[PDB]
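Q: This one is an experimental structure. Sequence first:
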Number of protein chains: 2
Amino acid sequence: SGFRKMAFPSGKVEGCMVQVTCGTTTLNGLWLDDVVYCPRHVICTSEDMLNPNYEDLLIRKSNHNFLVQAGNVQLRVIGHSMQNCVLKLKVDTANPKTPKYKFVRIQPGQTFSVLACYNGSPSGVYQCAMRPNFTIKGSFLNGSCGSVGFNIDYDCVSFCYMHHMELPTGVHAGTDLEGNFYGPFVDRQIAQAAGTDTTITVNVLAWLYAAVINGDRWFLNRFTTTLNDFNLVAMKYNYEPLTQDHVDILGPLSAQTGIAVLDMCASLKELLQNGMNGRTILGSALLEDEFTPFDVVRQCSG
Amino acid sequence: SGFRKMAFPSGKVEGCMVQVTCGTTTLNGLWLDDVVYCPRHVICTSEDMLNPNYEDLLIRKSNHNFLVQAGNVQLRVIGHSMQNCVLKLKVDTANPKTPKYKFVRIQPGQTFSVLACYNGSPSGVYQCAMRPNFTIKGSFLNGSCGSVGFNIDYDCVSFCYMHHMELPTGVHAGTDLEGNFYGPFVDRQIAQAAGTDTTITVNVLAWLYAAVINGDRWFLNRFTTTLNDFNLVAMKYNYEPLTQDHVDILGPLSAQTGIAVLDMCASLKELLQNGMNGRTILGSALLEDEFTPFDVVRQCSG
């Protein structure tokens, strides 16, 4: 038993991390088969980032201007192509450590593991959620650009995130592996509105189920509610509206615990209206929304 | 910027995980050079665990009774030896994925990453602290025994923990890699007192420094205190007494932020006496004590 915010094992991604240098800028790249993927702003100086013309900047670069190093192994760049906000560097060697992989664009509220890297070298791994407003609340210092987010299903790595930017507000923005930003953000050093975020209600509910399974049950009450009644509370407290699709995804957890989804909603309603009264749930003094229903089942079923 | 509970990259440990089966019991082993390390209670049935005579139970086992599988590769066991609470199975093949490694016995209050595994297969990685009472608050289901805890320094893996037991209270106990339990615990299915735990004060202070570095500063006050005055508060709130050794280890963080350690103690004193007033620090509504000063510097310096 016990419930932890758990990242996927990072080894399959570690074998794909490389260092990419273009002129004076060095960040991280992802080496899969004979292609290295990295943020296109590797071609920018610090001053270019105010208003870069990426097409013009890239035209001044040739294959030999990109230095790619996988640990001690230097790779030979034989083609380059910009796809949205990512650069794809064709190299002459297929990465022998390429795992089975897919590129996926995840939905807001889903979770993934981030392998934070600097100079092509992994430093740590953590689990986080894509916020409803398409930011992530990560840990990214200078040089972490090109670090990637991913999920693992058996032997297949689904890459979903590449880190590009820290907003002036301190939250993080990036792209899928086709180079399309999540959210409204652009790869330019300007102030950028993220817009109102909300709490991921279906994830909070999943975590409440995780809590019941592990013996934290004090928040279970004698009340029930309706979807529409609960959603009135959700709107007041800036929670995502709960849909039947969310109720359906919570089905297995409701079955395992014998607690109907709408009963759990009435517990959550009381928690929102009355707070936690100085108590904790699974070691937290706030309502946690970075575990999906799939995360809870995964961790509880091994 | 940003601050996350970050695990070490797990790949070097993933390459060492194997499945160990003895009779009906299957758990995880650690394959380093030509030795596989695992909990000795792999030789027990469910009923043996009430009061096992490990010496007598092991005498009934020969090398061929231990089945060791590294993924699809079956290993040949050519010797076996019990060292305290671990079994050491000599195999005929050196693990070609053996990282540079050491075995270390960590001190209470230090942190490490756990690679949770089932049937020899990694499922996730998380960071935790050794509690002052030598338990850990982990995520360990049936079959996770033999999962290991570790730190990484450059290219060297320092293994510090092997998981053995879930106490009836739901917390976790295990050994160093020489098989010596942390704490008073034994590998027997009986009720076992863990004893009073306390909060790791030097870690809370480190995390407050992490918070200041990242812009959370509301808890900084106009007061200061003394070591002895603060320790009077620490004792009232079941915090570890702060020593000069702790103050010294916080030195670099004090220098970086310009906040004297005893000034930070006065902030923490006010937080203990008055609570957090419905505010949060680094996204937490409680005082976090699972980051060491070294953890904070690591994450803040990349």
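A: That came in fine, so what should we check first? Residues are numbered from 1 along each chain as shown, chains lettered A, B, ... in the order given.

Q: ok, and the closest non-adjacent residue to the residue in the stretch 151-300 of chain A that chain B sits nearest to?
A: Nearest residue of the stretch 151-300 of chain A to chain B (C-beta to the nearest C-beta) works out as residue A:285 at 3.4 Å. Backbone N, C-alpha and C define where each C-beta goes, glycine included. Among residues not flanking residue A:285 along the chain, residue B:285 sits closest, at 3.4 Å (C-beta to C-beta, 6 or more residues apart in numbering or on different chains).

Q: picking that back up, can you get me a residue count around the residue of the stretch 151-300 of chain A closest to chain B?
A: 17 (other C-beta atoms under 10 Å in any protein chain shown).

Q: contacting residues for the residue of the stretch 1-150 of chain A found nearest chain B?
A: In the stretch 1-150 of chain A, no residue comes nearer to chain B than residue A:11, which is 2.8 Å away by C-beta to the nearest C-beta. Each residue near residue A:11 by C-beta atoms under 8 Å, 6 or more residues apart in numbering or on different chains is listed here: B:9, B:10, B:11, B:12, B:14, B:15, B:122.

Q: Need phi/psi at it.
A: Torsion angles at residue A:11 (phi, psi; degrees, to the nearest 10) stand at phi -60, psi -40.

Q: Residue A:127 now?
A: When read as degrees, to the nearest 10, the backbone of residue A:127 gives phi -100, psi 140.

Q: Could you give the bridge partners of it?
A: Judged by DSSP bridges, the bridge partners of residue A:127 are residue A:113.

Q: Counting neighbours, what do you get for it?
A: Neighbours of residue A:127 (other C-beta under 10 Å): 23.

Q: what does the one 4 residues further on give?
A: When neighbours are defined as other C-beta under 10 Å, residue A:131 has 22 of them.

Q: again with the one 4 residues further on
A: Counted with other C-beta under 10 Å, the burial measure for residue A:135 works out to 24 neighbours.

Q: so is the residue located most distally from the centre of chain A in a helix, a strand, or just coil?
A: Centroid-distance maximum for chain A: residue A:222 at 36.5 Å, with C-alpha atoms, centre = their mean. Under the three-state scheme (DSSP: H, G, I helix; E, B strand; the rest coil), residue A:222 adopts coil.

Q: quick one: it from residue A:261, how far?
A: 17 Å (C-beta to C-beta, to the nearest Å).

Q: Kindly report the same for residue A:296.
A: 14 Å.

Q: what about those two, which has more around it?
A: residue A:296 (24 against 21).

Q: Keeping just the C-alphas, turn the strand or helix carrying the more buried one into PDB.
A: Using DSSP states H and E, the element containing residue A:296 is helix A:293-301. What follows is helix A:293-301, C-alpha atoms only, in PDB (Å, rounded to 0.1, in the frame of the first residue of the first chain):
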ATOM      1  CA  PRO A 293      -8.000   7.800 -12.900                       C
ATOM      2  CA  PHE A 294      -5.600   5.700 -15.000                       C
ATOM      3  CA  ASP A 295      -2.700   6.800 -12.700                       C
ATOM      4  CA  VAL A 296      -4.600   5.600  -9.600                       C
ATOM      5  CA  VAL A 297      -5.500   2.200 -11.100                       C
ATOM      6  CA  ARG A 298      -1.900   1.800 -12.300                       C
ATOM      7  CA  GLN A 299      -0.400   2.500  -9.000                       C
ATOM      8  CA  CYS A 300      -3.000   0.500  -7.000                       C
ATOM      9  CA  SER A 301      -2.700  -2.500  -9.400                       C
END
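
Q: which other helices and strands contact it?
A: helix A:201-213, helix A:251-257 (3 or more C-beta pairs under 8 Å, 6 or more residues apart in numbering or on different chains; DSSP states H and E).

Q: Who are the packing partners of the strand ranked longest in chain A?
A: As assigned by DSSP state E, the longest strand anywhere in chain A is strand A:156-166. Under the contact criterion of 3+ C-beta pairs under 8 Å, 6+ apart, strand A:156-166 touches strand A:35-39, strand A:100-103, strand A:111-118, strand A:148-153, strand A:172-175.

Q: Adding distance to residue A:249, write the ones you listed out as JSON lines.
A: Formatted as JSON lines, those follow (distance: least, C-beta to C-beta, whole Å):
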{"stretch": "strand A:35-39", "distance to residue A:249": "31"}
{"stretch": "strand A:100-103", "distance to residue A:249": "21"}
{"stretch": "strand A:111-118", "distance to residue A:249": "13"}
{"stretch": "strand A:148-153", "distance to residue A:249": "16"}
{"stretch": "strand A:172-175", "distance to residue A:249": "26"}
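
Q: related to what we said a few turns ago, isn't the residue nearest to residue A:285 up against residue A:287?
A: No - here residue B:285 does not reach residue A:287: they are 9.7 Å apart, not a contact under C-beta atoms under 8 Å.

Q: Report the contact partners of residue A:171.
A: Applying C-beta under 8 Å, 6+ apart, the residues near residue A:171 are A:131, A:135, A:136, A:137, A:194, B:2.

Q: Flag every residue of the stretch 151-300 of chain A that's near chain B.
A: Contact residues, the stretch 151-300 of chain A versus chain B (C-beta under 8 Å from any C-beta of the partner chain): A:166, A:170-172, A:214-215, A:275, A:278, A:280, A:283-286, A:298-300.

Q: go with 7 Å
A: A:166, A:170, A:172, A:215, A:285, A:286, A:299 (C-beta under 7 Å from any C-beta of the partner chain).

Q: quick one: the fifth one and residue B:287 touch, right?
A: No - because the distance of 9.7 Å does not satisfy C-beta atoms under 7 Å, residue A:285 is recorded as not touching residue B:287.

Q: And the helices and strands packed on helix A:293-301: which comes nearest residue A:54?
A: Of all those, it is helix A:201-213 that lies closest to residue A:54, at 35.6 Å by C-beta to C-beta.

Q: Just the buried positions in the helix or strand following that closest one, please.
A: Note on helix A:201-213: by DSSP H and E, the next helix or strand toward the C-terminus is helix A:227-236. Neighbour-count burial for helix A:227-236 flags A:227, A:230, A:231, A:233, A:234 (criterion: 16 or more other C-beta atoms under 10 Å in any protein chain shown).

Q: Could you list the residues in contact with helix A:227-236?
A: Residues outside helix A:227-236 that contact it (C-beta atoms under 7 Å, 6 or more residues apart in numbering or on different chains): A:201, A:240, A:241, A:242, A:265, A:269, A:272, A:273.

Q: Now do the buried residues in stretch A:31-48.
A: Under 16+ other C-beta under 10 Å, the buried positions of stretch A:31-48 are A:31-32, A:34-44, A:48.

Q: hmm, back to that, for the residues of the stretch 151-300 of chain A next to chain B, pick the one with the most neighbours.
A: residue A:172 (25 neighbours).

Q: Name all residues that make contact with the nearest residue to residue A:120 once chain neighbours are set aside.
A: Leaving aside its sequence neighbours, residue A:120 sits nearest to residue A:19 (C-beta to C-beta, 6+ apart; 3.0 Å). When contacts are counted by C-beta under 7 Å, 6+ apart, residue A:19 is found next to A:26, A:28, A:69, A:119, A:120.

Q: Please identify the helix or strand for residue A:19.
A: Counting by DSSP H and E, residue A:19 is found in strand A:17-22.

Q: Just checking: what are the partner strands of that strand?
A: strand A:25-32 (antiparallel), strand A:66-70 (antiparallel).

Q: and it with strand A:35-39, angle?
A: 70 degrees (axes from the mean of the first three to the mean of the last three C-alpha atoms, to 10 degrees).

Q: Check the offset of strand A:17-22 from the chain's centre.
A: Put simply, strand A:17-22 sits 21 Å off its chain's centre (C-alpha atoms, centre = their mean, to the nearest Å).

Q: same question, stretch A:17-34
A: 20 Å.
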